[PDB]
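Only one chain is shown below, in structure tokens, and it's the form deposited in one PDB entry.
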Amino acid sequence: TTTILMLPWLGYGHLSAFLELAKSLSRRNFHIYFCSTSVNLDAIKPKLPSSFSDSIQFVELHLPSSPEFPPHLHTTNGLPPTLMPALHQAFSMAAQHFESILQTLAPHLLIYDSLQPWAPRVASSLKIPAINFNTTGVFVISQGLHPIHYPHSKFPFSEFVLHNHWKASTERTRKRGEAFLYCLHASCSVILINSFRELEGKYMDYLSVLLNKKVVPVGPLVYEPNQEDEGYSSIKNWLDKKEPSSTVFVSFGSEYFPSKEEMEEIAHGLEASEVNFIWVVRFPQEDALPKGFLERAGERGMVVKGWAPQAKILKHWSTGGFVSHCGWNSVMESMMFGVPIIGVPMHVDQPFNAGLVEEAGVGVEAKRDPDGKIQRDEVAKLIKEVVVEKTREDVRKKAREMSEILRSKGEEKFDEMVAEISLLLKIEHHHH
């Protein structure tokens, strides 16, 4: 009877994190209007069981469309990188439809993602409380805000150094302005963040000071797969043949297409390691591999095209490593399932995520050269040490300990969020 409209950013990782939060809120008696573009809603629907049909309603947000930019392309998932400016521009023009949705549905609360300036603002003009759910980690945000207040001083609690490659406009201009966003309401005085104290507790305390905001951990939000084959049955038979802890899963996410040069280094490092591997290779919605590489690999390697059951593969006992771009959800999934990460970060928050994995001791990062390039030798050495020869038992011990901590978490994970939301509603009700 208390309704919440949830608005993820367009992007599969954001959609997944919001959906898991939606399920918890639905179980706690909130009615959820889960709002996204049709293609994203369709992509995420397999993960919502029929049990939620009454409580979580999928609500379509309409973006401007054209015959060459139809609604199927209204997502970052597999989007050609050049079409990305159109996606932000079309999303920029979806505010009027969003306003119509809010006026009609009249939700008691809005939970919104961090790439929609208009979303809280539209909610505000209709006197609807709104709260920010940040689907990614704490470490990156605190590192972003720390220079503002301390241009000369050292970042506390970490020895991480950003590589010069990442250290080196319209979105950047937008992000900087967002650092100085004001708050005169209860709803904007707290944020929900998809992390947990055993990994980021010090950073969460620091972030709250930097923001003057309550920081509520609600994570990690890891989707647990069930018993349609998206190729698992074929893959499960292949994995069953392998030795325990002998295989690496290779993925670079739902939004990034590695360069021909980058994938050459990844493939050569994979071949030199002599590891088993399942590599998901994607093309905008082999010809990108070194010649003879898949033949030289033979049955040691399997390439899955387009999409793979990532969570299921990570849970298989043959999997001993995750060569990953270190997108937050993949990092959270690997930690939940106890698979050590061999980090190959690409852009955005991923280098920060790789550093976090490295200090925690659960995984390792393949360092780039001074010119910012992937190194096949570094890729080969880490897979040999972590997976093939298992000379990094410290990393494997830390990963298992971390998994046990994460598995140990129960429904208390959401208690602080529930208490804050109830306060939010009671306060804003009086001031309308």
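Residue indices: 1-based, along the sequence shown. Definition used throughout: the rigid core is the maximal C-alpha set that superposes within 1.5 Å between two forms.
Unshown form deposited in another entry; subsequent notes refer to it.
Which one moved? Candidates are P244, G177, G306, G201, criterion is a Cα shift of 2 Å or more between this form and the one not shown after superposing on the core. Result of the superposition: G177 is the only one at 2 Å or more.
With both forms fit on the core, is the shift of the CA atom of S187 between this form and the one not shown 2 Å or larger? Yes.
Pairwise C-alpha change, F180 versus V209, in the other entry against this form - closer or farther, 3 angstroms or more: Relative to the displayed form, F180 and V209 move farther apart in the other entry - a change of at least 3 Å between their C-alphas.
Having a change of 3 Å or more in the C-alpha distance between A186 and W118, I'd like to know whether it is closer or farther in the other entry than in the form here. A186 and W118 sit closer together in the other entry.
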